[PDB]
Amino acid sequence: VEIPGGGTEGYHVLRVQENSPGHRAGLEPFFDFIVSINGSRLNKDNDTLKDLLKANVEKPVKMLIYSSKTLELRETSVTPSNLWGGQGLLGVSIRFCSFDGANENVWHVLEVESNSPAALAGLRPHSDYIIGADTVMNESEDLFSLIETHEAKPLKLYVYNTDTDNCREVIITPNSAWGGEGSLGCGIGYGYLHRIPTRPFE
């Protein structure tokens, strides 16, 4: 998709508080990137977004969003507010980041062996995709490297599920003694044959 205003940077949505203006606007943690507000392109790490949200309290604002789930842009309206009850005008935590390649660094959960660390953590075969951790991953710093450094230690993973179309935190304790090979006990897919399905809604 062509990005209006060029570039691949924008504000990555990390947390969306329940019942906030952001939640009502449909912002999705992890997959959404705010690209523009009212057509102003947010391609600089500056105060423009903070200041425009304050200027627009109690008024609708049009966001342009890129999703690393659908790989599409969309426009949605949000009303920043001081009246809603929680912290923030939107209720959303963001980080200025690039969305280039963001849909590539996901690990698809395949079969899950009974009584394995994966099964005990609640990983669900075929519908779960591990999309992050509290540390950066990619192909070198990947899932298996991280599981190595966490042998016998709880490890938090952020997991998208296609049946629920949402993300959750899963805590797994890698255990090389579990009985099978490695420390995880499920298959894992990575690459273009194992990406998140791009059309959660028909």
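Start at 1 with the first residue shown and count on from there.
Quick one: say whether 98-106 or 123-131 has the higher mean Cα B-factor in the deposited entry.
Here the higher of the two C-alpha B-factor means belongs to 98-106.
Tell me which stretch has the larger mean Cα B-factor in this entry, 51-59 or 172-180.
It is 172-180.
Highest Cα B-factor in the PDB entry belongs to which of 92, 71, 118, 83?
The C-alpha B-factor peaks, among 92, 71, 118, 83, at 83.
When the CA B-factors of 166, 140, 40, 67 are compared as recorded in the entry, which is the largest?
Highest C-alpha B-factor among the listed options: 140.
C-alpha B factor of residue 157, ranked within the chain: lowest, middle or highest third?
Ranked within chain, residue 157 CA B lands in the middle tercile.
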